[PDB]
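Presented below is the structure to which this report refers.
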């Protein structure tokens, strides 16, 4: 329902951004780079739970 604009994805590489994203799958991410990509790889099987670390 909310995953920020992931149109620039997939990316050719992720940055060291330390943005913790708690995917709706009860998982933690390193940043929106791993969230939009994990979203372009799952084909949409990944959602968001709360921009932060769970």
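So for chain A, numbering is Swiss-Prot's, and the shown residues are 3-56, in order.
Quick check of the header: solution NMR.
Each residue, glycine too, has its Cβ placed from N, Cα and C.
The annotation domain 'Kazal-like' is assigned in Swiss-Prot to 6-56 on the grounds of sequence analysis. Summarising the annotation, Swiss-Prot assigns disulfide bond to 8-38, 16-35, 24-56. Marked as N-linked glycosylation site by Swiss-Prot: 45.
Highest local Cβ density among the disulfide-bonded residues 38, 56 belongs to 38, counted as other Cβ atoms within 10 Å over all protein chains shown.
Nearest neighbour of residue 16 (disulfide bond) by Cα distance, taken over the recorded positions 8, 38, 45, 56: 38. Checking Cα-Cα distances from residue 45 (N-linked glycosylation site) against the disulfide-bonded residues (8, 24, 35, 56) with a 10 Å cut-off leaves nothing; none qualify.
Ranking the disulfide-bonded residues 8, 24, 56 by the distance of their Cα atoms from the Cα of residue 35 (disulfide bond) places 8 first. In terms of DSSP secondary structure, the domain 'Kazal-like' (6-56) contains 10 helix, 9 strand, 32 coil. Taking all protein chains in view, 17 other C-beta atoms sit within 10 angstroms of the C-beta of residue 24 (disulfide bond).
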